[PDB]
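The chain below stands alone and is given in structure tokens; this is the form deposited in one PDB entry.
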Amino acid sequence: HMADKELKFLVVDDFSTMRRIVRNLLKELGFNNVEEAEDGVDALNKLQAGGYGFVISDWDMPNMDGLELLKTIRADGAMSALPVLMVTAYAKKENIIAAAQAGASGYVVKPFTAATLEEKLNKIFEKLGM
């Protein structure tokens, strides 16, 4: 998948407020193909629905937390290379390490600015040649 306007995003967070910030930011960046999920399980259900080219995910969520969601994606042969950008309030280095090692594409700490989100998505695009 390429970082054109068609790229389909899944935005995962247990708080709609954060999902809403991220969707609106993506729109501003020219990405309108965006769906939401409320937790890791819901997210896996949509991911299984097919078509997604990028995940942005919270960490602390009921049902399945985002570290589990990230690991699950990375271990699944059908989606193991799916970009996953963590966006979370967890700021300790051990958290950043656990997610990095689990294969996170990137990591943004809440609260974040619009410029930061844009910068970190662009870094992932460049890295993967999207």
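Throughout, we count residues from 1 along the sequence that is shown.
Beyond what is shown, the protein has a form deposited with a partner chain bound; the following relates to that form.
The single contact residue among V41, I97, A49, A81, judged by any heavy atom lying within 4.5 Å of the partner chain in the entry with it bound, is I97. Contact annotation for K120: at least one heavy atom lies within 4.5 Å of the partner chain in the entry with it bound. Though the partner is left out of this view, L29 does not reach within 4.5 Å of the partner chain in the entry with it bound, counting heavy atoms only.
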